[PDB]
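Taking the form deposited in one PDB entry, here's one chain by itself in structure tokens.
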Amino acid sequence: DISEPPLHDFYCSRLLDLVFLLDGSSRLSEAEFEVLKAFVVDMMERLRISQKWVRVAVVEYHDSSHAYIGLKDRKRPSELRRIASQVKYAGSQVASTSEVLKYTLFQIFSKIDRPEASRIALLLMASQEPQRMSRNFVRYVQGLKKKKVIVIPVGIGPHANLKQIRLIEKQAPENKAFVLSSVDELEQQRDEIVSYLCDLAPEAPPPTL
């Protein structure tokens, strides 16, 4: 038994696999990265986290991707939120969006054994990868598109890869971007982002018998 009641009245109770992808570069200071994690935790509090409802994954990406939470991890929501809150600051020279989308496509959504859930990757971006790393970027985004993995880029600050964000937006109509000036704007956009992605996901049918 690992179920927990909602903390808030605002609560997504739909069939959803939601992946948080966190920029691990030094474009975010340690303090800004704490705000980014607080946003992720705030969003998690507003999800009904359960294998039967909303599943979550949390990945920090630098030149490679490090998963802290996988969709299949059967832990209490509060423990998942604690894990997210403690994601270590990397401050890397490089954060590769191409590598983390590859990770999402071939490690997270490799095997679609939950066909009843919508699949969304929230790509929190504050930087630009070296162009040498981007050869397959469009191919991974298209691979995700074909598995109906909706990619929602959140561009934070002026160093965010806006060219890639626009590329993501054009691959699928549901791939909506949120472009923010700084991590301090995350809190005021949070419930709008939650509502947008909740609306994308299927409802569970009314309980019977």
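When you see a residue number, it is the position in the sequence shown, counting from 1.
Quick note: we don't show the form solved in complex with a partner chain, though the next part is all about it.
> According to a 4.5 angstroms non-hydrogen atom cut-off, is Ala38 in contact with its partner chain in the deposited bound form?
Close contact is absent here: in the deposited bound form, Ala38 is far from its partner chain, nothing within 4.5 Å, heavy atoms only.
> Find out whether any non-hydrogen atom of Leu71 is located within 4.5 angstroms of its partner chain in the deposited bound form, and reply yes or no.
Outside the cut-off, so no.
> Answer yes if any heavy atom of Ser29 is within 4.5 Å of a heavy atom of its partner chain in the deposited bound form; otherwise answer no.
Taking the distances in the deposited bound form, the answer for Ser29 is no, it never comes within 4.5 Å of its partner chain.
> Any chance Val138 has a heavy atom within 4.5 Å of its partner chain in the deposited bound form?
Contact with its partner chain, yes.
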